[PDB]
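Engineer: Structure provided below as structure tokens; questions to follow.
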Amino acid sequence: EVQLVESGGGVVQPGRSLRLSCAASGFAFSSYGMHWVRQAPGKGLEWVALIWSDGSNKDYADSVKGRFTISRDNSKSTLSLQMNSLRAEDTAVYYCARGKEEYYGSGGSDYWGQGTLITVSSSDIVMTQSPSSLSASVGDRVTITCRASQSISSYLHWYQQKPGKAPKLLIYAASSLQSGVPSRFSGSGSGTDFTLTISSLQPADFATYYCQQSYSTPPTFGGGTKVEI
Amino acid sequence: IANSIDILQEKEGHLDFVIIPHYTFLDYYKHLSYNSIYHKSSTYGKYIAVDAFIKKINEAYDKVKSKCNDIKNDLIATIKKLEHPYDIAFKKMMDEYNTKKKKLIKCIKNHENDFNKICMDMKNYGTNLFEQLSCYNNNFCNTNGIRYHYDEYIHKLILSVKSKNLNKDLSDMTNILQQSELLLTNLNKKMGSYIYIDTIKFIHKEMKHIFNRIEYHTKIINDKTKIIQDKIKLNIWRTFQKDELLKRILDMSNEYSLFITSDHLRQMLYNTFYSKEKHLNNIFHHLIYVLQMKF
């Protein structure tokens with residue numbers, strides 16, 4: 001079985017450094033591209049950086065450029081993030097997630113780690129998720145919408161962030177159901193408009209929900225959709 | 001640098017060397033020189049001049065090769081004395097081999113600076129072709145260079161390797177080396193020392209190396225076959241941002257050039273392997289001839 005256990009987090013005086021690491025088990029690590037995605041307090045999901053399966057190519061978010069550095073050690077099955085010059089904006093839960101597609105880590109994120117907290121003691125595509133908050137009763141057909149600032153052709157993925165737990169992937173190609181995700185969940189769309197449809201809301205309270213483009217360089221997320229029951 | 005040089009005797013009278021990081025280095029820019037001109041149909045007309053420049057480069061590199069030829073002919077000459085030791089106690093002309101072999105590697109490293117001038121001319125040419133690359137808007141870049149170029153220049157090479165059984169090719173070469181050992185065992189026993197029993201041992205062992213060089217190049221062939229076939233599906237039939245497109249075409253020119261190196265050499269090594277197998281058969285018969293005579 002897969003597992004991405006992260007480590008290296010804690011309190012940090014502003015302007016210093018801190019190293020984050022990830023322990024990969026259960027799969028052919030050498031064949032997968034890896035990503036680091038953070039979640040600032042209360043805010044949504046912000047992608048930090050990615051690296052190719054061979055560690056040759058690696059790209060970062062505009063804000064962390066010239067400060068953070070990603071790297072991997074394929075033998076030990078290790079991914080790390082060297083965070084330098086820590087600003088108060090870097091306070092977040094840091095997720096180590098695996099790219100769906102081999103080598104490039106494109107087309108989403110198969111599995112996610114729990115995440116490690118960082119507390120600092122002080123262009124790109126824009127996804128527009130339609131309903132910010134939403135309260136339904138059990139059994140209702142629920143629908144969330146994602147609007148992309150640029151035509152991204154079917155490169156849209158939906159995620160389910162339960163209360164205080166690592167995100168889980170549900171739909172990869174615009175409408176492609178991940179094995180294990182129940183029948184209910186369904187997606188649809190192209191170019192700029194996409195939507196997710198939870199027919200018959202089941203009692204597993206589904207907490208917050210995020211979309212993600214993977215067409216252009218920084219895989220942009222929409223804000224969330226909190227779903228109450 | 002040495003340890004990365006391959007000896008090839010596809011023929012009886014033929015011997016050529018190859019600096020593996022040079023053939024891959026040149027093949028890499030050979031790809032991104034083509035990928036950067038088939039990107040938009042407005043630029044296909046450049047192939048005539050691109051083919052023309054690769055010819056000019058392959059000539060300048062082989063002018064540097066032909067300087068070491070003098071030392072080459074010494075070794076071709078040394079081998080032929082060991083091959084058929086007709087007209088010749090054994091380690092005398094046998095050691096003359098290792099030294100002339102090593103004097104030629106020493107000769108290559110002499111012009112290692114001359115080979116780099118030819119190499120960077122391939123990089124400088126490749127670069128000024130790939131940098132001039134442009135899309136209509138930079139957000140939607142077309143994978144039409146990548147698509148055409150693979151289907152045409154690369155796909156054929158993949159198809160051929162799929163058709164053959166490069167693992168039975170290895171499994172057969174092994175059976176040849178094992179039965180030679182069994183018979184050479186029976187012959188060195190039956191008569192003892194003879195100069196030709198030492199030429200059979202020389203070639204047998206020399207062929208054991210060519211096999212290990214083959215066993216290794218087919219392993220890279222197997223891996224770059226799955227990878228190029230897998231990777232390609234994700235770099236065609238779509239549009240990328242321009243900074244991601246340039247990235248994806250370099251990842252390709254890499255998989256290609258490394259696959260092309262290990263395929264091109266594996267063929268000449270199979271060629272050399274079976275060329276030495278013929279010589280080894282002539283000697284074997286001559287010995288069987290010598291042996292039965294005594295009876």
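Please note that chains go A, B, ... in the order of the structure tokens, that every chain numbers its residues from 1, and that ligands are numbered from 1 in the order shown.
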Which polymer residues have any atom within 10 Å of an atom of residue 199 in chain B, counting only C-alpha atoms, with same-chain residues fewer than 5 positions away left out, as a list in words?
Structural biologist: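 Result of the neighbour search: residues 81, 82, 83, 84, 85, 90, 94, 194, 204, 205, 280, 283 and 284 of chain B.
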Engineer: Taking only C-alpha atoms into account, report as a PyMOL selection string which residues of chain A lie within 7 Å of chain B.
Structural biologist: chain A and resi 215-217
Engineer: Residues within 6 Å of residue 201 in chain A, please, as a PyMOL selection string. Count only C-alpha atoms; anything in the same chain fewer than 4 positions from it doesn't count.
Structural biologist: chain A and resi 138-140
Engineer: DSSP says strand (DSSP E or B) for which residues of range 51-250 of chain B? Put them as a ChimeraX atom specification?
Structural biologist: /B:141-142,239-240
Engineer: Excluding residue 92 in chain A and residues on its chain fewer than 2 positions from it, collect all residues at most 12 Å away from it, counting only C-alpha atoms, and give them as a PyMOL selection string.
Structural biologist: chain A and resi 9-11+36-48+86-90+94-95+115-120
Engineer: Grab the residues selected above and save them as a compact mmCIF listing (two decimals), in the first residue's frame with C-alpha atoms.
Structural biologist:
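Output contents, as saved in out_10.txt:
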```txt
# COMPACT_ATOMS: atom_id res chain seq x y z
CA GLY A 9 7.76 21.11 10.53
CA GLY A 10 7.47 23.40 13.51
CA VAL A 11 7.75 26.98 14.73
CA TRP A 36 4.42 20.11 -2.61
CA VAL A 37 1.13 21.90 -1.98
CA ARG A 38 0.46 24.09 1.09
CA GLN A 39 -2.72 25.36 2.79
CA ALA A 40 -2.37 28.63 4.73
CA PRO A 41 -4.64 29.01 7.81
CA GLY A 42 -8.28 28.87 6.69
CA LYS A 43 -7.35 29.72 3.09
CA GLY A 44 -7.45 27.24 0.18
CA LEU A 45 -4.85 25.01 -1.52
CA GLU A 46 -1.78 26.75 -2.99
CA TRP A 47 0.65 24.66 -5.06
CA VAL A 48 4.27 25.24 -4.06
CA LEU A 86 10.77 32.15 5.58
CA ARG A 87 8.15 34.95 5.33
CA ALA A 88 5.05 35.06 7.52
CA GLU A 89 3.06 34.06 4.43
CA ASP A 90 4.57 30.54 4.54
CA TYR A 94 2.50 21.32 3.79
CA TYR A 95 1.29 18.39 1.69
CA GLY A 115 0.76 17.20 5.91
CA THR A 116 3.21 18.92 8.25
CA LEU A 117 2.59 22.30 9.91
CA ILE A 118 4.85 25.37 9.66
CA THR A 119 4.24 28.43 11.90
CA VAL A 120 6.20 31.66 11.15
```
Engineer: Rounded to one decimal place, report the CA of residue 69 in chain B-CA of residue 107 in chain B distance in Å.
Structural biologist: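 CA of residue 107 in chain B lies 9.7 Å from CA of residue 69 in chain B.
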Engineer: Identify, with DSSP run on backbone atoms, the residues in chain A assigned to helix (DSSP H, G or I), and express the list as a list in words.
Structural biologist: residues 29, 30, 31, 88, 89 and 90 of chain A
Engineer: Take the residues from that selection and put them in a file with C-alpha atoms, as a compact mmCIF listing (two decimals), in the first residue's frame.
Structural biologist:
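What landed in selection-v3.txt:
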```txt
# COMPACT_ATOMS: atom_id res chain seq x y z
CA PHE A 29 8.79 6.15 -6.64
CA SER A 30 11.44 6.48 -9.35
CA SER A 31 8.69 6.65 -12.02
CA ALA A 88 5.05 35.06 7.52
CA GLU A 89 3.06 34.06 4.43
CA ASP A 90 4.57 30.54 4.54
```
Engineer: Please provide as a short mmCIF file (atom, residue, chain, number, x, y, z; two decimals) with N, CA, C and O atoms, in the first residue's frame all residues within 12 Å of residue 28 in chain B, with the sequence filter that same-chain residues fewer than 5 positions apart are discarded (counting only C-alpha atoms).
Structural biologist:
```
data_model
loop_
_atom_site.label_atom_id
_atom_site.label_comp_id
_atom_site.auth_asym_id
_atom_site.auth_seq_id
_atom_site.Cartn_x
_atom_site.Cartn_y
_atom_site.Cartn_z
N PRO B 21 29.42 9.34 -25.53
CA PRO B 21 28.84 10.66 -25.20
C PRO B 21 28.87 11.64 -26.35
O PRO B 21 28.24 12.70 -26.25
N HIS B 22 29.62 11.36 -27.41
CA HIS B 22 29.64 12.22 -28.58
C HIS B 22 28.46 11.88 -29.50
O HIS B 22 27.76 12.78 -29.96
N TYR B 23 28.25 10.58 -29.78
CA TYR B 23 27.12 10.18 -30.62
C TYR B 23 25.78 10.56 -29.99
O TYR B 23 24.86 11.00 -30.68
N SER B 33 17.11 20.05 -33.36
CA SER B 33 17.20 20.87 -34.56
C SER B 33 16.00 20.61 -35.46
O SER B 33 15.49 21.53 -36.10
N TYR B 34 15.54 19.35 -35.51
CA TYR B 34 14.36 19.03 -36.30
C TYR B 34 13.06 19.41 -35.61
O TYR B 34 12.12 19.88 -36.26
N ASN B 35 12.96 19.17 -34.30
CA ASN B 35 11.73 19.50 -33.58
C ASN B 35 11.41 20.98 -33.65
O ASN B 35 10.23 21.38 -33.69
N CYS B 119 31.54 19.26 -31.61
CA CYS B 119 30.30 19.06 -30.86
C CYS B 119 29.56 20.36 -30.58
O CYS B 119 28.38 20.49 -30.93
N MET B 120 30.23 21.35 -29.97
CA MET B 120 29.55 22.61 -29.65
C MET B 120 28.98 23.29 -30.90
O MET B 120 27.97 24.01 -30.82
N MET B 122 27.46 21.79 -33.11
CA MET B 122 26.16 21.15 -33.24
C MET B 122 25.19 21.70 -32.20
O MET B 122 23.99 21.85 -32.48
N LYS B 123 25.69 22.00 -31.00
CA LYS B 123 24.87 22.64 -29.98
C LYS B 123 24.54 24.08 -30.36
O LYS B 123 23.38 24.49 -30.27
N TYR B 125 24.39 25.40 -33.26
CA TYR B 125 23.43 25.37 -34.36
C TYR B 125 22.07 24.92 -33.87
O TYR B 125 21.04 25.51 -34.22
N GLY B 126 22.05 23.87 -33.03
CA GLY B 126 20.79 23.38 -32.50
C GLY B 126 20.06 24.42 -31.68
O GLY B 126 18.83 24.56 -31.77
N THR B 127 20.81 25.17 -30.86
CA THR B 127 20.24 26.20 -29.98
C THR B 127 19.57 27.33 -30.77
O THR B 127 18.38 27.62 -30.58
N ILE B 249 9.86 19.16 -25.33
CA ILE B 249 10.64 18.72 -26.50
C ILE B 249 12.08 18.38 -26.11
O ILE B 249 12.72 17.54 -26.76
N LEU B 250 12.62 19.02 -25.07
CA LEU B 250 13.96 18.62 -24.65
C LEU B 250 13.93 17.27 -23.98
O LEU B 250 14.75 16.42 -24.28
N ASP B 251 12.92 17.00 -23.15
CA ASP B 251 12.81 15.68 -22.55
C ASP B 251 12.76 14.63 -23.63
O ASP B 251 13.23 13.51 -23.44
N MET B 252 12.10 14.93 -24.74
CA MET B 252 12.08 14.00 -25.85
C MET B 252 13.47 13.84 -26.49
O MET B 252 14.06 12.75 -26.46
N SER B 253 14.06 14.95 -27.01
CA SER B 253 15.38 14.86 -27.66
C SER B 253 16.38 14.08 -26.82
O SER B 253 17.33 13.51 -27.37
N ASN B 254 16.12 14.00 -25.52
CA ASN B 254 16.92 13.21 -24.60
C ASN B 254 16.60 11.73 -24.72
O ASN B 254 17.50 10.92 -24.97
N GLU B 255 15.32 11.35 -24.58
CA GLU B 255 14.96 9.93 -24.68
C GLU B 255 15.36 9.36 -26.02
O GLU B 255 15.83 8.22 -26.12
N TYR B 256 15.10 10.11 -27.07
CA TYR B 256 15.52 9.75 -28.41
C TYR B 256 17.02 9.49 -28.50
O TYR B 256 17.45 8.34 -28.66
N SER B 257 17.81 10.55 -28.30
CA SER B 257 19.26 10.47 -28.49
C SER B 257 19.88 9.31 -27.72
O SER B 257 20.82 8.67 -28.21
N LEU B 258 19.39 9.05 -26.50
CA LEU B 258 19.88 7.92 -25.69
C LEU B 258 19.41 6.58 -26.24
O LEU B 258 20.07 5.55 -26.03
N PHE B 259 18.22 6.54 -26.82
CA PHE B 259 17.74 5.30 -27.41
C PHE B 259 18.49 5.02 -28.70
O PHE B 259 18.87 3.88 -28.97
N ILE B 260 18.69 6.07 -29.51
CA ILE B 260 19.39 5.97 -30.80
C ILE B 260 20.83 5.52 -30.62
O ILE B 260 21.37 4.75 -31.42
N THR B 261 21.48 6.02 -29.57
CA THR B 261 22.83 5.58 -29.29
C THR B 261 22.85 4.08 -29.04
O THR B 261 23.50 3.33 -29.77
#
```
Engineer: From the set A:69, A:121, A:195, A:56, which residue has the shortest atom-to-atom contact distance to residue 13 in chain A, counting only C-alpha atoms?
Structural biologist: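 Smallest separation from residue 13 in chain A among the options: A:121.
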Engineer: Just how far from CA of residue 126 in chain A is CA of residue 218 in chain A, in Å to one decimal?
Structural biologist: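 Computing it gives 10.0 Å between the two atoms.
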Engineer: Using only C-alpha atoms, which residues sit within 12 Å of residue 156 in chain A once same-chain residues fewer than 3 positions away are excluded, as a count of residues only?
Structural biologist: 42
Engineer: Would you pick out the contacts of range 132-138 of chain B at 8 Å or less, using only C-alpha atoms, so that residues sharing its chain but fewer than 3 positions from it are not included, and give the list as a ChimeraX atom specification?
Structural biologist: /B:36-37,39,128-129,141-142,241-242
Engineer: Store the residues picked out above, limited to N, CA and C atoms, as a compact mmCIF listing (two decimals), in the first residue's frame.
Structural biologist:
```
# COMPACT_ATOMS: atom_id res chain seq x y z
N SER B 36 12.45 21.82 -33.70
CA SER B 36 12.25 23.25 -33.75
C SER B 36 11.96 23.79 -35.15
N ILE B 37 11.97 22.97 -36.19
CA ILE B 37 11.60 23.45 -37.52
C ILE B 37 10.31 22.83 -38.04
N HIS B 39 7.72 22.55 -35.99
CA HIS B 39 6.69 23.04 -35.08
C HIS B 39 5.54 23.74 -35.79
N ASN B 128 20.31 27.97 -31.69
CA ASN B 128 19.76 29.07 -32.48
C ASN B 128 18.56 28.66 -33.32
N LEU B 129 18.32 27.36 -33.49
CA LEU B 129 17.14 26.86 -34.18
C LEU B 129 15.96 26.68 -33.24
N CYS B 141 0.29 26.33 -27.41
CA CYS B 141 1.37 25.99 -28.31
C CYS B 141 1.03 24.64 -28.90
N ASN B 142 1.27 24.48 -30.19
CA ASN B 142 0.83 23.28 -30.87
C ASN B 142 1.88 22.18 -30.87
N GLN B 241 1.60 25.44 -22.64
CA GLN B 241 2.20 26.75 -22.57
C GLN B 241 3.57 26.65 -23.24
N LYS B 242 4.08 27.78 -23.76
CA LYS B 242 5.37 27.75 -24.46
C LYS B 242 6.54 27.31 -23.57
```
Engineer: Per residue of range 71-100 of chain B within 12 Å of range 7-19 of chain B, which atom pair is closest and at what distance in Å (one decimal), using only C-alpha atoms, listed by chain and increasing number, as a Markdown table?
Structural biologist:
```
| residue | atom | partner | partner_atom | distance |
| --- | --- | --- | --- | --- |
| B:71 | CA | B:15 | CA | 11.5 |
| B:72 | CA | B:15 | CA | 7.7 |
| B:73 | CA | B:15 | CA | 8.8 |
| B:74 | CA | B:15 | CA | 11.1 |
| B:75 | CA | B:15 | CA | 8.9 |
| B:76 | CA | B:15 | CA | 7.0 |
| B:77 | CA | B:13 | CA | 9.8 |
| B:78 | CA | B:15 | CA | 12.0 |
| B:79 | CA | B:13 | CA | 10.2 |
| B:80 | CA | B:13 | CA | 9.0 |
| B:83 | CA | B:12 | CA | 10.0 |
| B:84 | CA | B:12 | CA | 11.7 |
```
